[PDB]
Amino acid sequence: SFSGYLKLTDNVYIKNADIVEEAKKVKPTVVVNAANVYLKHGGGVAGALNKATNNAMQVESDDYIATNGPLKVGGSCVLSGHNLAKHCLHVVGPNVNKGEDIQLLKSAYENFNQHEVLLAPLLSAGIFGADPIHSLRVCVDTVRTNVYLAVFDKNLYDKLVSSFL
Ligand SMILES: Cn1cnc2ccc([C@H]3CCC[C@H]3C(=O)O)cc21
């Protein structure tokens, strides 16, 4: 099971870890990808998860978009977790660097409530351009299921713990 996490609330846990390395160790039922609407997994968490699957995540994702069209910002889809997890929940948080509405971050975290336990990154933070302190606050105030957050950047992890209310 999950180890070395700091408990933040009744249901939210956090650790300074690379989500690919965590997924390889734990083999969680669900790993969350920080996806975009086209499921083009180029960089950040998505680029890292897809590389760890030897591009199988991108081949599956292209077939999903060909059949279904793009996701909505704030939406999600459940696809295979390949060699990392049973499932991958691809969730699209708003990208502030593309000018998207930060108010959609709560809708994006609501997708997590459809799963009892998840390994996840902070949505909309990192290269998506939003404040990670705000993303952690929306996560705690929105997700009711058990979420294990992997924060890759050590300096960011220390900042998030020290500023958590
Ligand atoms: C590259 N990579 C691997 N595992 C990750 C988990 C998280 C992240 C990003 C998501 C937004 C906040 C940022 C971070 O926690 O440092 C990137 C990762």
Side-chain angles (χ1 to χ4, degrees), residues 2-9 12-58 61 71 73-76 79 81-85 87-112 115 117-143 146-164:
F2 292 95
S3 66
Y5 284 73
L6 167 65
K7 182 169 181 60
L8 293 181
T9 72
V12 182
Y13 292 84
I14 194 163
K15 184 184 181 178
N16 178 22
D18 178 313
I19 198 172
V20 170
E21 291 183 352
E22 194 75 3
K24 289 182 170 186
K25 188 174 173 63
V26 176
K27 315 202 184 186
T29 304
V30 176
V31 63
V32 174
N33 180 31
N36 53 56
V37 297
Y38 303 110
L39 299 185
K40 285 304 190 201
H41 308 303
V45 172
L49 290 172
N50 176 58
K51 178 179 170 194
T53 72
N54 182 46
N55 210 51
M57 176 181 286
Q58 188 66 67
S61 292
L71 279 71
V73 177
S76 71
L79 291 174
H82 300 277
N83 54 314
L84 302 176
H87 302 298
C88 178
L89 178 69
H90 296 271
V91 180
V92 184
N95 186 324
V96 167
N97 295 323
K98 299 183 187 169
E100 295 167 353
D101 187 5
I102 193 57
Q103 264 186 152
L104 292 163
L105 185 54
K106 187 175 184 75
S107 300
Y109 275 115
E110 290 170 341
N111 295 284
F112 289 25
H115 303 274
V117 54
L118 315 90
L119 170 64
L122 286 170
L123 298 181
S124 293
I127 74 178
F128 282 65
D131 178 357
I133 292 177
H134 174 63
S135 181
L136 176 54
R137 183 75 258 159
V138 178
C139 177
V140 160
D141 291 343
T142 304
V143 182
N146 295 320
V147 58
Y148 287 83
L149 297 167
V151 179
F152 171 82
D153 192 280
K154 171 190 187 277
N155 287 328
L156 175 58
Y157 175 84
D158 290 344
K159 178 183 175 54
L160 287 171
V161 169
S162 67
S163 59
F164 184 66

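Residue numbers start at 1 and run along the sequence shown. Keep in mind that the numbers below use all heavy atoms, side chains included, and drop hydrogens, waters and symmetry copies. For ligands, and for the atoms within them, numbers begin at 1 and follow the listed sequence.
- Judged by distance alone, the side chain of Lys15 and the main-chain N or O of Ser3 form a donor-acceptor pair under 3.5 Å.
- Put simply, the side chain of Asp101 never gets that close to the backbone of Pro94: no donor and acceptor are under 3.5 Å apart.
- Formation of a donor-acceptor pair under 3.5 Å by the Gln58 side chain with backbone atoms of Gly47 is not found in this model.
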Every pair of nitrogen or oxygen atoms between ligand 1 and the protein that is under 3.5 angstrom apart - can you list them with their distances to 0.1 Å?
residue: ligand 1; atom: 4 (N); partner: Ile19; partner atom: N; Å: 2.9
residue: ligand 1; atom: 15 (O); partner: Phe152; partner atom: N; Å: 3.0
residue: ligand 1; atom: 16 (O); partner: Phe152; partner atom: N; Å: 3.3
residue: ligand 1; atom: 16 (O); partner: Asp153; partner atom: N; Å: 2.9

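- For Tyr109 (side chain) and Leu123 (main-chain N/O), a donor-acceptor pair under 3.5 Å exists by modelled atom type.
- In this structure, the side chain of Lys106 engages the main chain of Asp141 through a donor-acceptor pair within 3.5 Å.
- Panel note: side chain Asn111, backbone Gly74; a donor-acceptor pair is recorded below 3.5 Å.
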